[PDB]
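# Observations on the three-dimensional arrangement
Residue-level listing of the chains:
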Amino acid sequence: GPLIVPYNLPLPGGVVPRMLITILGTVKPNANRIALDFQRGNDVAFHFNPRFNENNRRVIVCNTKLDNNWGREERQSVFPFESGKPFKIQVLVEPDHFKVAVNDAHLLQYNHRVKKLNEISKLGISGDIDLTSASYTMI
Ligand SMILES: OC[C@H]1O[C@@H]([Se][Se][C@@H]2O[C@H](CO)[C@H](O)[C@H](O)[C@H]2O)[C@H](O)[C@@H](O)[C@H]1O
Ligand SMILES: [Cl-]
Ligand SMILES: [Mg+2]
């Protein structure tokens, strides 16, 4: 039941521990990239960036953008997306980190570099996907 990409999901009052964000969709055939951008105004608190061709390898890049400057990248070779295939990304907000799971398997955690979780009020979803659903609940 598509939404059009790029898609902005409002996070009113920011994020809080025990908040679970669920993204359903399908990777396009011959995808180059996916990006989730958790934004505090112009800053990017948490950038989650699967790259399907970085020097002919698949890698997940996580980072934070402060005052338009990217910080130190945390990379992950474990790559559970496939071109043409449906996925579920779950982002669980915990007190000290974002926890990410894809297709019900734990993938990575990302320690909070931005401390004002209550100001992370937008999630940008972009890249080579068909978007079915983006929602949140409290667990
Ligand atoms: O992936 C596609 C793009 O990637 C950036 Se990589 Se530089 C920078 O890195 C940040 C993470 O530290 C963010 O992922 C930015 O979006 C990216 O532009 C490079 O300029 C090119 O390869 C371009 O084609
Ligand atoms: Cl902060
Ligand atoms: Mg295939």
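Attention now moves to the overall build of the protein chain. Secondary structure assignment for the protein chain yields zero helices and twelve strands. For a compact globule of 139 residues, the expected C-alpha radius of gyration is about 14 Å, and the protein chain comes in at 14 Å, within 12% of that figure. Overall, the C-alpha framework of the protein chain stretches about 35 × 35 × 25 Å when taken along its three principal axes. Counting only residues that meet the buried cut, the protein chain has 43% of its 139 residues in that class. Averaged over its 17 positive side-chain charges, the protein chain has a centre that lies 1 Å from the centre of its 13 negative ones.

A few words on unusual backbone geometry. A cis amide bond links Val5 with the next residue in sequence, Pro6, at an omega value of -5°. If you trace the backbone, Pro6 turns up in the segment before β1 (7-10). The phi dihedral of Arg18 falls on the positive side, at around 75°, and the residue is not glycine. Mapped onto the secondary structure, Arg18 falls in the loop between β1 and β2 (19-27). Phi at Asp67 takes a positive value of approximately 60°, unusual for a residue other than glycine. Tracing the backbone through its elements, the reader meets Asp67 in the loop between β5 (57-66) and β6 (69-70).

For the rest of this paragraph, the subject is the pairing of strand β10 (residues 105-111). Regular strands place their side chains on alternate faces of the sheet. Where strand β9 (residues 97-102) meets β10, six bridges bridge the pair, whose relative direction is antiparallel. Following the sheet pairing, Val102 is matched in β10 by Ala105. Taking the residues between adjacent antiparallel strands as the criterion, β9 and β10 are bridged by two residues, where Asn103 takes a positive phi near 55°.

When the charged atoms of two side chains lie near each other, side chains of opposite charge can form a pair. The tally for this structure, following the rule as stated, stands at eight salt bridges. Residues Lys88 and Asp104 are paired through a salt bridge, measuring 2.8 Å at the closest nitrogen-oxygen approach. Of the two residues, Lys88 sits in strand β8 (residues 86-93) while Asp104 sits in the loop between β9 and β10, which places them 16 residues apart along the sequence. Using a relative accessible area of 60% as the deciding quantity, one classes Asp104 as exposed. Through salt bridges with shared partners, a single network forms among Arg51, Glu54, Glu73 and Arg75.

Residues in contact with ligand 1, as listed here, are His47, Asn49, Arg51, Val61, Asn63, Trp70 and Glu73. Residue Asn63 places a side-chain N or O atom 2.8 Å away from an oxygen atom belonging to ligand 1. In the environment of ligand 1, an oxygen atom lies 2.6 Å from a nitrogen or oxygen atom belonging to the side chain of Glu73. For ligand 1, whose unbound accessible area comes to 530 Å², protein coverage reaches 47%.

Our focus in this paragraph is the environment of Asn68. With respect to the secondary-structure elements, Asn68 resides in the loop between β5 and β6. Taking the C-alpha atoms as reference points, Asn68 and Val100, 32 residues apart in sequence, are found 24 Å from one another. The contacts of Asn68, once residues within four sequence positions are left out, are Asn42 and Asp43. Side chain to side chain, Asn68 and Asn42 meet in a polar contact 3.4 Å long.

Rules and cut-offs
Residues numbered from 1 in each chain as written, not as in the entry; some residues may be left out. Chains lettered and ligands numbered in written order. Heavy atoms only, no water. Helix = DSSP H or I, 4+ residues; strand = E, 2+ residues; numbered from the N terminus. Rg over C-alpha atoms; globule rule 2.2 N^0.38 Å. Buried < 20%, exposed > 50% of the residue type's maximum accessible area, 1.4 Å probe, protein only. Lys, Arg positive; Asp, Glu negative; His and termini not counted. Charge placed at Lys NZ, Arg CZ, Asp CG, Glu CD. Pairing = 2+ DSSP bridges. Salt bridge = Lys/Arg side-chain N within 4 Å of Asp/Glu carboxyl O. Near = heavy atom within 4 Å. Polar contact = N/O pair within 3.5 Å; in protein donor to acceptor, adjacent residues only side chain to side chain. Areas by Shrake-Rupley, 256 points an atom, 1.4 Å probe, with all protein chains shown as cover. Contact = heavy atoms within 4.5 Å.

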